[PDB]
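The next block is data-v6.pdb, given as PDB, C-alpha atoms and all ligand atoms.
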```pdb
ATOM      1  CA  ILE A   2       4.341 -12.288  10.540  1.00  0.00           C
ATOM      2  CA  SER A   3       4.230  -8.506  10.404  1.00  0.00           C
ATOM      3  CA  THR A   4       4.114  -7.503   6.741  1.00  0.00           C
ATOM      4  CA  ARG A   5       0.736  -7.167   5.064  1.00  0.00           C
ATOM      5  CA  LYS A   6       1.071  -9.126   1.837  1.00  0.00           C
ATOM      6  CA  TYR A   7      -1.429 -11.774   0.906  1.00  0.00           C
ATOM      7  CA  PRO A   8      -1.457 -14.493   2.103  1.00  0.00           C
ATOM      8  CA  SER A   9       1.425 -13.453   4.350  1.00  0.00           C
ATOM      9  CA  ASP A  10       5.054 -12.445   4.149  1.00  0.00           C
ATOM     10  CA  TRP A  11       6.430 -15.662   5.772  1.00  0.00           C
ATOM     11  CA  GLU A  12       4.393 -17.796   3.358  1.00  0.00           C
ATOM     12  CA  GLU A  13       6.639 -16.626   0.477  1.00  0.00           C
ATOM     13  CA  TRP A  14       9.951 -17.671   2.041  1.00  0.00           C
TER      14      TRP A  14
ATOM     15  CA  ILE B   1      -9.065  -3.549   5.695  1.00  0.00           C
ATOM     16  CA  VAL B   2     -10.716  -4.393   9.005  1.00  0.00           C
ATOM     17  CA  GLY B   3     -13.519  -2.171  10.193  1.00  0.00           C
ATOM     18  CA  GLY B   4     -13.756  -0.180   6.951  1.00  0.00           C
ATOM     19  CA  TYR B   5     -16.471   0.361   4.419  1.00  0.00           C
ATOM     20  CA  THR B   6     -17.123  -0.430   0.742  1.00  0.00           C
ATOM     21  CA  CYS B   7     -15.505   2.454  -1.160  1.00  0.00           C
ATOM     22  CA  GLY B   8     -17.725   2.286  -4.202  1.00  0.00           C
ATOM     23  CA  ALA B   9     -16.555   1.440  -7.697  1.00  0.00           C
ATOM     24  CA  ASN B  10     -13.719   3.559  -8.927  1.00  0.00           C
ATOM     25  CA  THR B  11     -13.933   6.099  -6.143  1.00  0.00           C
ATOM     26  CA  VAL B  12     -10.200   5.548  -5.385  1.00  0.00           C
ATOM     27  CA  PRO B  13      -8.897   5.797  -8.984  1.00  0.00           C
ATOM     28  CA  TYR B  14      -5.204   5.682  -8.098  1.00  0.00           C
ATOM     29  CA  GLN B  15      -5.542   2.308  -6.299  1.00  0.00           C
ATOM     30  CA  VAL B  16      -4.031  -0.613  -8.166  1.00  0.00           C
ATOM     31  CA  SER B  17      -3.943  -4.394  -7.527  1.00  0.00           C
ATOM     32  CA  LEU B  18      -0.668  -6.237  -8.006  1.00  0.00           C
ATOM     33  CA  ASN B  19      -1.351  -9.659  -9.461  1.00  0.00           C
ATOM     34  CA  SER B  20       0.845 -12.761  -9.823  1.00  0.00           C
ATOM     35  CA  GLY B  21      -1.985 -15.072 -10.838  1.00  0.00           C
ATOM     36  CA  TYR B  22      -3.863 -13.787  -7.794  1.00  0.00           C
ATOM     37  CA  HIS B  23      -4.081 -10.464  -5.944  1.00  0.00           C
ATOM     38  CA  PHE B  24      -1.247 -10.130  -3.420  1.00  0.00           C
ATOM     39  CA  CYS B  25      -0.586  -6.420  -2.764  1.00  0.00           C
ATOM     40  CA  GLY B  26      -1.836  -2.964  -3.579  1.00  0.00           C
ATOM     41  CA  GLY B  27      -0.126   0.040  -5.087  1.00  0.00           C
ATOM     42  CA  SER B  28      -0.701   3.674  -6.047  1.00  0.00           C
ATOM     43  CA  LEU B  29      -0.544   5.143  -9.578  1.00  0.00           C
ATOM     44  CA  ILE B  30       1.654   8.268  -9.547  1.00  0.00           C
ATOM     45  CA  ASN B  31       1.819   8.955 -13.322  1.00  0.00           C
ATOM     46  CA  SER B  32       0.666   7.095 -16.416  1.00  0.00           C
ATOM     47  CA  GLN B  33       3.619   4.768 -16.349  1.00  0.00           C
ATOM     48  CA  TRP B  34       4.651   4.391 -12.713  1.00  0.00           C
ATOM     49  CA  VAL B  35       3.227   2.838  -9.477  1.00  0.00           C
ATOM     50  CA  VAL B  36       4.427   3.097  -5.896  1.00  0.00           C
ATOM     51  CA  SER B  37       4.206   0.030  -3.689  1.00  0.00           C
ATOM     52  CA  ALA B  38       6.083  -1.698  -0.826  1.00  0.00           C
ATOM     53  CA  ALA B  39       9.493  -3.284  -1.279  1.00  0.00           C
ATOM     54  CA  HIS B  40       8.245  -6.486   0.362  1.00  0.00           C
ATOM     55  CA  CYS B  41       5.712  -6.745  -2.516  1.00  0.00           C
ATOM     56  CA  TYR B  42       8.512  -7.331  -5.042  1.00  0.00           C
ATOM     57  CA  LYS B  43       8.071 -10.264  -7.325  1.00  0.00           C
ATOM     58  CA  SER B  44       9.544 -10.954 -10.733  1.00  0.00           C
ATOM     59  CA  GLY B  45       6.572 -11.127 -12.620  1.00  0.00           C
ATOM     60  CA  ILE B  46       3.832  -8.625 -11.753  1.00  0.00           C
ATOM     61  CA  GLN B  47       0.701  -7.658 -13.688  1.00  0.00           C
ATOM     62  CA  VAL B  48      -0.665  -4.328 -12.548  1.00  0.00           C
ATOM     63  CA  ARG B  49      -4.475  -4.140 -12.547  1.00  0.00           C
ATOM     64  CA  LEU B  50      -5.814  -0.593 -12.759  1.00  0.00           C
ATOM     65  CA  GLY B  51      -9.436   0.522 -12.661  1.00  0.00           C
ATOM     66  CA  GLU B  52     -10.516  -2.455 -10.446  1.00  0.00           C
ATOM     67  CA  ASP B  53     -13.446  -2.662  -8.112  1.00  0.00           C
ATOM     68  CA  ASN B  54     -14.460  -6.303  -8.000  1.00  0.00           C
ATOM     69  CA  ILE B  55     -11.123  -8.091  -8.438  1.00  0.00           C
ATOM     70  CA  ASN B  56     -12.894 -11.378  -9.264  1.00  0.00           C
ATOM     71  CA  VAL B  57     -15.189 -10.088 -12.058  1.00  0.00           C
ATOM     72  CA  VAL B  58     -14.430  -8.298 -15.388  1.00  0.00           C
ATOM     73  CA  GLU B  59     -16.714  -5.259 -15.026  1.00  0.00           C
ATOM     74  CA  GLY B  60     -15.254  -2.972 -17.772  1.00  0.00           C
ATOM     75  CA  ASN B  61     -13.151  -0.315 -16.212  1.00  0.00           C
ATOM     76  CA  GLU B  62      -9.999  -2.413 -15.859  1.00  0.00           C
ATOM     77  CA  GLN B  63      -6.651  -2.005 -17.520  1.00  0.00           C
ATOM     78  CA  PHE B  64      -4.191  -4.902 -17.109  1.00  0.00           C
ATOM     79  CA  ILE B  65      -0.562  -3.896 -17.809  1.00  0.00           C
ATOM     80  CA  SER B  66       2.562  -5.935 -17.090  1.00  0.00           C
ATOM     81  CA  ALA B  67       5.334  -4.431 -15.031  1.00  0.00           C
ATOM     82  CA  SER B  68       8.505  -3.801 -17.112  1.00  0.00           C
ATOM     83  CA  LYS B  69      10.628  -2.776 -14.108  1.00  0.00           C
ATOM     84  CA  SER B  70      10.116  -3.294 -10.385  1.00  0.00           C
ATOM     85  CA  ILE B  71      12.668  -1.246  -8.466  1.00  0.00           C
ATOM     86  CA  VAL B  72      13.128  -1.856  -4.747  1.00  0.00           C
ATOM     87  CA  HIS B  73      14.868   0.836  -2.709  1.00  0.00           C
ATOM     88  CA  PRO B  74      18.567  -0.105  -2.454  1.00  0.00           C
ATOM     89  CA  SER B  75      18.544   0.393   1.319  1.00  0.00           C
ATOM     90  CA  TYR B  76      15.446  -1.750   1.933  1.00  0.00           C
ATOM     91  CA  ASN B  77      16.083  -4.122   4.845  1.00  0.00           C
ATOM     92  CA  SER B  78      13.719  -7.134   5.073  1.00  0.00           C
ATOM     93  CA  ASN B  79      14.361  -7.626   8.781  1.00  0.00           C
ATOM     94  CA  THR B  80      13.711  -4.129  10.029  1.00  0.00           C
ATOM     95  CA  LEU B  81      11.416  -3.109   7.153  1.00  0.00           C
ATOM     96  CA  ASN B  82      13.243   0.175   6.828  1.00  0.00           C
ATOM     97  CA  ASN B  83      12.929   1.789   3.374  1.00  0.00           C
ATOM     98  CA  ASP B  84       9.927  -0.355   2.423  1.00  0.00           C
ATOM     99  CA  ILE B  85       9.272   1.243  -0.955  1.00  0.00           C
ATOM    100  CA  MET B  86       9.276   0.025  -4.547  1.00  0.00           C
ATOM    101  CA  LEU B  87       8.625   1.689  -7.923  1.00  0.00           C
ATOM    102  CA  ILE B  88       6.949  -0.227 -10.680  1.00  0.00           C
ATOM    103  CA  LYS B  89       7.277   0.920 -14.320  1.00  0.00           C
ATOM    104  CA  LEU B  90       4.418  -0.229 -16.586  1.00  0.00           C
ATOM    105  CA  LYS B  91       5.286  -1.791 -19.929  1.00  0.00           C
ATOM    106  CA  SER B  92       2.928   0.688 -21.600  1.00  0.00           C
ATOM    107  CA  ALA B  93       1.277   3.806 -20.323  1.00  0.00           C
ATOM    108  CA  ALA B  94      -2.113   3.505 -18.688  1.00  0.00           C
ATOM    109  CA  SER B  95      -4.968   5.465 -20.293  1.00  0.00           C
ATOM    110  CA  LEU B  96      -5.891   7.989 -17.672  1.00  0.00           C
ATOM    111  CA  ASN B  97      -9.598   8.650 -17.251  1.00  0.00           C
ATOM    112  CA  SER B  98     -12.085   9.301 -14.439  1.00  0.00           C
ATOM    113  CA  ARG B  99     -11.630   5.717 -13.205  1.00  0.00           C
ATOM    114  CA  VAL B 100      -7.834   5.444 -13.598  1.00  0.00           C
ATOM    115  CA  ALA B 101      -6.009   8.495 -12.284  1.00  0.00           C
ATOM    116  CA  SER B 102      -2.761   9.446 -10.594  1.00  0.00           C
ATOM    117  CA  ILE B 103      -2.276  10.619  -7.045  1.00  0.00           C
ATOM    118  CA  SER B 104       0.071  13.526  -6.229  1.00  0.00           C
ATOM    119  CA  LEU B 105       3.232  13.113  -4.258  1.00  0.00           C
ATOM    120  CA  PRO B 106       3.574  15.256  -1.138  1.00  0.00           C
ATOM    121  CA  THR B 107       5.313  18.571  -0.916  1.00  0.00           C
ATOM    122  CA  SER B 108       5.674  18.291   2.875  1.00  0.00           C
ATOM    123  CA  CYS B 109       5.238  15.647   5.541  1.00  0.00           C
ATOM    124  CA  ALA B 110       1.903  15.320   7.282  1.00  0.00           C
ATOM    125  CA  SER B 111       1.348  16.064  10.930  1.00  0.00           C
ATOM    126  CA  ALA B 112      -0.143  13.972  13.738  1.00  0.00           C
ATOM    127  CA  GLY B 113      -3.902  14.073  13.699  1.00  0.00           C
ATOM    128  CA  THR B 114      -4.142  14.516   9.911  1.00  0.00           C
ATOM    129  CA  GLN B 115      -6.931  12.193   8.632  1.00  0.00           C
ATOM    130  CA  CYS B 116      -6.096   9.877   5.810  1.00  0.00           C
ATOM    131  CA  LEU B 117      -7.802   7.365   3.523  1.00  0.00           C
ATOM    132  CA  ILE B 118      -6.364   3.850   3.468  1.00  0.00           C
ATOM    133  CA  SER B 119      -7.680   1.322   0.933  1.00  0.00           C
ATOM    134  CA  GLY B 120      -7.266  -2.230  -0.292  1.00  0.00           C
ATOM    135  CA  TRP B 121      -8.536  -5.729  -0.910  1.00  0.00           C
ATOM    136  CA  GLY B 122      -6.994  -7.259   2.218  1.00  0.00           C
ATOM    137  CA  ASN B 123      -8.522  -9.316   4.983  1.00  0.00           C
ATOM    138  CA  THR B 124     -11.574  -7.836   6.690  1.00  0.00           C
ATOM    139  CA  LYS B 125     -11.261  -9.884   9.924  1.00  0.00           C
ATOM    140  CA  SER B 126      -9.018  -9.284  12.954  1.00  0.00           C
ATOM    141  CA  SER B 127      -9.177 -13.033  13.750  1.00  0.00           C
ATOM    142  CA  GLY B 128      -9.371 -15.590  10.936  1.00  0.00           C
ATOM    143  CA  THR B 129      -9.887 -14.639   7.308  1.00  0.00           C
ATOM    144  CA  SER B 130     -12.467 -13.064   5.037  1.00  0.00           C
ATOM    145  CA  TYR B 131     -11.258 -11.564   1.745  1.00  0.00           C
ATOM    146  CA  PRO B 132     -13.484  -9.085  -0.127  1.00  0.00           C
ATOM    147  CA  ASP B 133     -14.286  -9.008  -3.783  1.00  0.00           C
ATOM    148  CA  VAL B 134     -14.661  -5.171  -3.837  1.00  0.00           C
ATOM    149  CA  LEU B 135     -12.369  -2.434  -2.658  1.00  0.00           C
ATOM    150  CA  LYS B 136     -12.532  -1.390   1.014  1.00  0.00           C
ATOM    151  CA  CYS B 137     -11.656   1.962   2.578  1.00  0.00           C
ATOM    152  CA  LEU B 138     -10.800   3.242   6.040  1.00  0.00           C
ATOM    153  CA  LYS B 139     -10.462   6.789   7.368  1.00  0.00           C
ATOM    154  CA  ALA B 140      -7.694   6.903   9.987  1.00  0.00           C
ATOM    155  CA  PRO B 141      -5.523   9.570  11.599  1.00  0.00           C
ATOM    156  CA  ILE B 142      -1.775   9.771  11.700  1.00  0.00           C
ATOM    157  CA  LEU B 143      -0.519   9.198  15.246  1.00  0.00           C
ATOM    158  CA  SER B 144       2.165  11.105  17.108  1.00  0.00           C
ATOM    159  CA  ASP B 145       5.668   9.729  16.753  1.00  0.00           C
ATOM    160  CA  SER B 146       5.767   9.111  20.502  1.00  0.00           C
ATOM    161  CA  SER B 147       2.574   7.080  20.433  1.00  0.00           C
ATOM    162  CA  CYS B 148       3.865   5.086  17.483  1.00  0.00           C
ATOM    163  CA  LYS B 149       7.154   4.283  19.216  1.00  0.00           C
ATOM    164  CA  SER B 150       5.439   3.391  22.401  1.00  0.00           C
ATOM    165  CA  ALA B 151       3.269   0.891  20.533  1.00  0.00           C
ATOM    166  CA  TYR B 152       6.305  -0.704  18.812  1.00  0.00           C
ATOM    167  CA  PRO B 153       9.341  -0.187  21.030  1.00  0.00           C
ATOM    168  CA  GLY B 154      12.615  -0.450  19.233  1.00  0.00           C
ATOM    169  CA  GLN B 155      11.020  -0.932  15.794  1.00  0.00           C
ATOM    170  CA  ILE B 156       9.934   2.448  14.386  1.00  0.00           C
ATOM    171  CA  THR B 157      12.446   4.187  12.095  1.00  0.00           C
ATOM    172  CA  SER B 158      12.326   7.723  10.786  1.00  0.00           C
ATOM    173  CA  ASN B 159      10.977   6.252   7.543  1.00  0.00           C
ATOM    174  CA  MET B 160       7.807   4.904   9.189  1.00  0.00           C
ATOM    175  CA  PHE B 161       4.682   6.357  10.794  1.00  0.00           C
ATOM    176  CA  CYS B 162       1.641   4.883  12.494  1.00  0.00           C
ATOM    177  CA  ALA B 163      -1.972   5.506  11.616  1.00  0.00           C
ATOM    178  CA  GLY B 164      -5.154   4.129  12.947  1.00  0.00           C
ATOM    179  CA  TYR B 165      -6.841   3.521  16.305  1.00  0.00           C
ATOM    180  CA  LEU B 166      -5.208   2.393  19.538  1.00  0.00           C
ATOM    181  CA  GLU B 167      -8.519   0.878  20.806  1.00  0.00           C
ATOM    182  CA  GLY B 168      -8.366  -1.645  17.963  1.00  0.00           C
ATOM    183  CA  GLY B 169     -11.037  -2.660  15.539  1.00  0.00           C
ATOM    184  CA  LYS B 170     -10.028  -0.623  12.452  1.00  0.00           C
ATOM    185  CA  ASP B 171      -6.818  -1.202  10.491  1.00  0.00           C
ATOM    186  CA  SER B 172      -5.177  -2.421   7.294  1.00  0.00           C
ATOM    187  CA  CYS B 173      -4.406  -6.135   7.042  1.00  0.00           C
ATOM    188  CA  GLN B 174      -2.833  -8.912   4.922  1.00  0.00           C
ATOM    189  CA  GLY B 175      -3.460  -8.165   1.273  1.00  0.00           C
ATOM    190  CA  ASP B 176      -3.363  -4.378   1.786  1.00  0.00           C
ATOM    191  CA  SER B 177       0.431  -4.084   1.665  1.00  0.00           C
ATOM    192  CA  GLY B 178       1.746  -1.614  -0.859  1.00  0.00           C
ATOM    193  CA  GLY B 179      -1.478   0.331  -1.029  1.00  0.00           C
ATOM    194  CA  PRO B 180      -2.092   3.997  -0.441  1.00  0.00           C
ATOM    195  CA  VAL B 181      -2.396   6.216   2.593  1.00  0.00           C
ATOM    196  CA  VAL B 182      -3.712   9.494   1.141  1.00  0.00           C
ATOM    197  CA  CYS B 183      -4.045  12.640   3.213  1.00  0.00           C
ATOM    198  CA  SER B 184      -5.350  15.954   1.819  1.00  0.00           C
ATOM    199  CA  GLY B 185      -4.991  14.571  -1.720  1.00  0.00           C
ATOM    200  CA  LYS B 186      -1.324  13.558  -1.346  1.00  0.00           C
ATOM    201  CA  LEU B 187       0.235  10.074  -1.067  1.00  0.00           C
ATOM    202  CA  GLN B 188       1.786  10.125   2.400  1.00  0.00           C
ATOM    203  CA  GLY B 189       2.059   6.469   3.179  1.00  0.00           C
ATOM    204  CA  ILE B 190       2.408   2.915   1.889  1.00  0.00           C
ATOM    205  CA  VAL B 191       0.795  -0.004   3.768  1.00  0.00           C
ATOM    206  CA  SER B 192       3.693  -1.905   5.336  1.00  0.00           C
ATOM    207  CA  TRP B 193       3.284  -3.878   8.600  1.00  0.00           C
ATOM    208  CA  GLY B 194       1.777  -4.257  12.055  1.00  0.00           C
ATOM    209  CA  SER B 195       1.450  -6.772  14.862  1.00  0.00           C
ATOM    210  CA  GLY B 196      -1.689  -8.739  13.894  1.00  0.00           C
ATOM    211  CA  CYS B 197      -4.429  -6.466  12.521  1.00  0.00           C
ATOM    212  CA  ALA B 198      -6.834  -4.149  14.317  1.00  0.00           C
ATOM    213  CA  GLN B 199      -5.452  -5.211  17.731  1.00  0.00           C
ATOM    214  CA  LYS B 200      -5.477  -2.956  20.757  1.00  0.00           C
ATOM    215  CA  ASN B 201      -2.329  -0.785  21.005  1.00  0.00           C
ATOM    216  CA  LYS B 202      -0.963  -2.131  17.717  1.00  0.00           C
ATOM    217  CA  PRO B 203      -1.782   0.395  14.941  1.00  0.00           C
ATOM    218  CA  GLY B 204      -0.716   0.033  11.357  1.00  0.00           C
ATOM    219  CA  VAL B 205       2.800   1.033  10.374  1.00  0.00           C
ATOM    220  CA  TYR B 206       3.287   2.800   7.015  1.00  0.00           C
ATOM    221  CA  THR B 207       6.272   3.832   4.902  1.00  0.00           C
ATOM    222  CA  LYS B 208       6.748   7.626   5.105  1.00  0.00           C
ATOM    223  CA  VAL B 209       6.534   8.654   1.460  1.00  0.00           C
ATOM    224  CA  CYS B 210       7.549  12.273   2.054  1.00  0.00           C
ATOM    225  CA  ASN B 211      11.089  11.088   2.795  1.00  0.00           C
ATOM    226  CA  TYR B 212      11.352   9.599  -0.713  1.00  0.00           C
ATOM    227  CA  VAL B 213       9.956  12.197  -3.074  1.00  0.00           C
ATOM    228  CA  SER B 214      13.337  13.228  -4.504  1.00  0.00           C
ATOM    229  CA  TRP B 215      14.385   9.583  -4.790  1.00  0.00           C
ATOM    230  CA  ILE B 216      11.179   8.728  -6.603  1.00  0.00           C
ATOM    231  CA  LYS B 217      11.570  11.560  -9.084  1.00  0.00           C
ATOM    232  CA  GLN B 218      15.233  10.749  -9.795  1.00  0.00           C
ATOM    233  CA  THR B 219      14.535   7.011 -10.160  1.00  0.00           C
ATOM    234  CA  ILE B 220      11.741   7.701 -12.634  1.00  0.00           C
ATOM    235  CA  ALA B 221      13.823  10.191 -14.600  1.00  0.00           C
ATOM    236  CA  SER B 222      16.705   7.726 -15.011  1.00  0.00           C
ATOM    237  CA  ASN B 223      14.555   4.695 -15.919  1.00  0.00           C
TER     238      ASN B 223
HETATM  239 CA    CA A 301     -12.663  -6.408 -12.041  1.00  0.00          CA
END
```
Can you turn what I pasted into structure tokens?
Ligand SMILES: [Ca+2]
Amino acid sequence: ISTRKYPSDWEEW
Amino acid sequence: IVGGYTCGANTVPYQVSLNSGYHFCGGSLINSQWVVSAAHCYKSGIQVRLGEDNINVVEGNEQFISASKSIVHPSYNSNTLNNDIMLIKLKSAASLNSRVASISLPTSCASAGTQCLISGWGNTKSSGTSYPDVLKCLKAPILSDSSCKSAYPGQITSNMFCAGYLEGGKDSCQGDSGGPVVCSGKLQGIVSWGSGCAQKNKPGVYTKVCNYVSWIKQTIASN
């Protein structure tokens, strides 16, 4: 929840 | 960028968009063939988009170049975010012009209170979502190491620094990762992480580029 990638970091796991 | 302003077209000529069928991260052009971004922005297939202002419209200053190599720091840790840096080699050299230009690497680390320019196409809201078409900018100071550690106890390594505003309201955000923090014409930081965006006592946390200059140069020379 901390990294600043779009849409989020967790979304890519 | 929350609480920033519209930069103006091509006023940040080293800013790039990393695209995987959509914008997902920023980056900084450091020579005609190489970009600096965050390690957590790695993907296997990246198209680098240089010269962008409106990322949703072909306006005529763009250059779209595929990445040939995307090189994450070998000591990057995805749990702690230490060593959050990546080098991207372009498949062909960009054509450098007034709208597509490199940014210098630092010769020394920056001090607390130095004002920097942070830019990107990330979210412009601190609650909910609103993504811009055009590039946004924020002027923000580097904080003292003690203030940074006090904001994020147990989490700040020697490869990170904080910049921004402890009162909240102005920060980088999702979609800004990998993009530049430029201070006195040098690339000092890479957008990395924070707790929420633009929240009180939770400034942005940035990779400390001055710790990597030798690594960058050697990686480029051997690739
Ligand atoms: Ca465009």
Tell me which protein, DNA and RNA residues are within 12 Å of residue 173 (chain B), counting only C-alpha atoms, leaving out same-chain ones fewer than 4 positions away, and put them as a PyMOL selection string. (chain A and resi 2-10) or (chain B and resi 1-4+24-26+118-132+136-138+164+169+177-179+191-199+202-206)
Shell of 7 Å around ligand CA 301 (chain A) (all atoms listed in the file), written as a PyMOL selection string: chain B and resi 52-59+62
Selection from above, C-alpha atoms, as a PDB file, in the coordinates of the input, can you write it?
```
ATOM      1  CA  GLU B  52     -10.516  -2.455 -10.446  1.00  0.00           C
ATOM      2  CA  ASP B  53     -13.446  -2.662  -8.112  1.00  0.00           C
ATOM      3  CA  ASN B  54     -14.460  -6.303  -8.000  1.00  0.00           C
ATOM      4  CA  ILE B  55     -11.123  -8.091  -8.438  1.00  0.00           C
ATOM      5  CA  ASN B  56     -12.894 -11.378  -9.264  1.00  0.00           C
ATOM      6  CA  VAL B  57     -15.189 -10.088 -12.058  1.00  0.00           C
ATOM      7  CA  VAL B  58     -14.430  -8.298 -15.388  1.00  0.00           C
ATOM      8  CA  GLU B  59     -16.714  -5.259 -15.026  1.00  0.00           C
ATOM      9  CA  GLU B  62      -9.999  -2.413 -15.859  1.00  0.00           C
TER      10      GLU B  62
END
```
Pick from B:181, B:83, B:49, B:135, whichever lies nearest to residue 114 (chain B) using all atoms listed in the file: B:181
Expand the PyMOL selection byres (((chain B and resi 91) around 9) and not hetatm) into the explicit residue set it covers here, and present it as JSON, numbers by chain. {"B": [33, 65, 66, 67, 68, 69, 89, 90, 92, 93]}
Residue 87 (chain B): which residues within 10 Å, counting only C-alpha atoms, same-chain residues fewer than 5 positions away excluded, as number ranges by chain? B: 27-30, 34-39, 42, 67, 69-73, 216, 219-220
Counting only C-alpha atoms, I want the residues whose atoms come within 8 Å of (-10.1, 6.5, -6.5) in the file frame, returned as a ChimeraX atom specification. /B:10-15,99-101
Please evaluate the PyMOL selection byres (((chain B and resi 158) around 9) and not hetatm) against the displayed coordinates and give the resulting residues as a PyMOL selection string. chain B and resi 82+156-157+159-161+208+211
Neighbour list for residue 96 (chain B) as a list in words, cut-off 9 Å, all atoms listed in the file, skip fewer than 6 positions in-chain: residues 31, 32 and 102 of chain B
C-alpha atoms of the current selection, written as an mmCIF file, in the frame of the given file:
```
data_model
loop_
_atom_site.group_PDB
_atom_site.id
_atom_site.type_symbol
_atom_site.label_atom_id
_atom_site.label_comp_id
_atom_site.auth_asym_id
_atom_site.auth_seq_id
_atom_site.Cartn_x
_atom_site.Cartn_y
_atom_site.Cartn_z
ATOM 1 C CA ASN B 31 1.819 8.955 -13.322
ATOM 2 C CA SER B 32 0.666 7.095 -16.416
ATOM 3 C CA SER B 102 -2.761 9.446 -10.594
#
```
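Minimum atom-to-atom distance to chain A, evaluated using all atoms listed in the file, belongs to B:22 out of B:22, B:5, B:165, B:212.
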Put the listed atoms of chain A in a box along x, y and z with 6 Å added on every side and give me the centre and edge lengths in Å to one decimal, as AutoDock Vina command-line options.
```
--center_x 4.2 --center_y -12.5 --center_z 5.5 --size_x 23.4 --size_y 22.6 --size_z 22.1
```
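CA of residue 213 (chain B) sits 15.2 Å away from CA of residue 185 (chain B).
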Could you work out how far CA of residue 153 (chain B) lies from CA of residue 210 (chain B), giving the answer in Å with one decimal? 22.8 Å
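For the set B:174, B:201, B:107, B:146, the residue with the smallest atom-to-atom gap to chain A is B:174, counting only C-alpha atoms.
Interatomic distance, CA of residue 133 (chain B) against CA of residue 51 (chain B): 13.9 Å.
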For residue 106 (chain B), please output as a list in words all residues within 7 Å (counting only C-alpha atoms; exclusion window: fewer than 6 positions along the same chain). residues 186, 187, 188 and 210 of chain B
Some atoms are absent from region 177-189 of chain B, so rebuild N, CA, C and O atoms and return them as a short mmCIF file (atom, residue, chain, number, x, y, z; two decimals), in the coordinates of the input.
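That gives us part37.cif:
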```
data_model
loop_
_atom_site.label_atom_id
_atom_site.label_comp_id
_atom_site.auth_asym_id
_atom_site.auth_seq_id
_atom_site.Cartn_x
_atom_site.Cartn_y
_atom_site.Cartn_z
N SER B 177 -0.93 -4.56 1.85
CA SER B 177 0.43 -4.08 1.66
C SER B 177 0.63 -3.42 0.37
O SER B 177 0.19 -3.91 -0.68
N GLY B 178 1.40 -2.32 0.35
CA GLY B 178 1.75 -1.61 -0.86
C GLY B 178 0.75 -0.57 -1.22
O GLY B 178 1.06 0.31 -2.05
N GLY B 179 -0.45 -0.59 -0.66
CA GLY B 179 -1.48 0.33 -1.03
C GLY B 179 -1.37 1.68 -0.39
O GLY B 179 -0.46 1.93 0.44
N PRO B 180 -2.24 2.59 -0.78
CA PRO B 180 -2.09 4.00 -0.44
C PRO B 180 -2.61 4.38 0.92
O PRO B 180 -3.62 3.89 1.42
N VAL B 181 -1.92 5.39 1.49
CA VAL B 181 -2.40 6.22 2.59
C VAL B 181 -2.40 7.64 2.05
O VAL B 181 -1.32 8.21 1.82
N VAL B 182 -3.58 8.18 1.79
CA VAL B 182 -3.71 9.49 1.14
C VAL B 182 -4.30 10.46 2.13
O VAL B 182 -5.32 10.19 2.78
N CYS B 183 -3.65 11.63 2.24
CA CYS B 183 -4.04 12.64 3.21
C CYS B 183 -4.08 13.99 2.48
O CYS B 183 -3.08 14.38 1.85
N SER B 184 -5.22 14.65 2.48
CA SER B 184 -5.35 15.95 1.82
C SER B 184 -4.92 15.85 0.35
O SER B 184 -4.27 16.76 -0.18
N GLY B 185 -5.25 14.76 -0.32
CA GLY B 185 -4.99 14.57 -1.72
C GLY B 185 -3.58 14.24 -2.06
O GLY B 185 -3.20 14.31 -3.25
N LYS B 186 -2.73 13.90 -1.11
CA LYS B 186 -1.32 13.56 -1.35
C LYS B 186 -1.08 12.14 -0.82
O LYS B 186 -1.54 11.76 0.27
N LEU B 187 -0.19 11.41 -1.54
CA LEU B 187 0.24 10.07 -1.07
C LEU B 187 1.27 10.23 0.02
O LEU B 187 2.44 10.49 -0.26
N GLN B 188 0.89 10.03 1.28
CA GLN B 188 1.79 10.12 2.40
C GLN B 188 2.34 8.80 2.87
O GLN B 188 3.37 8.79 3.54
N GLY B 189 1.64 7.72 2.67
CA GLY B 189 2.06 6.47 3.18
C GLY B 189 1.85 5.32 2.21
O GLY B 189 1.03 5.37 1.30
#
```
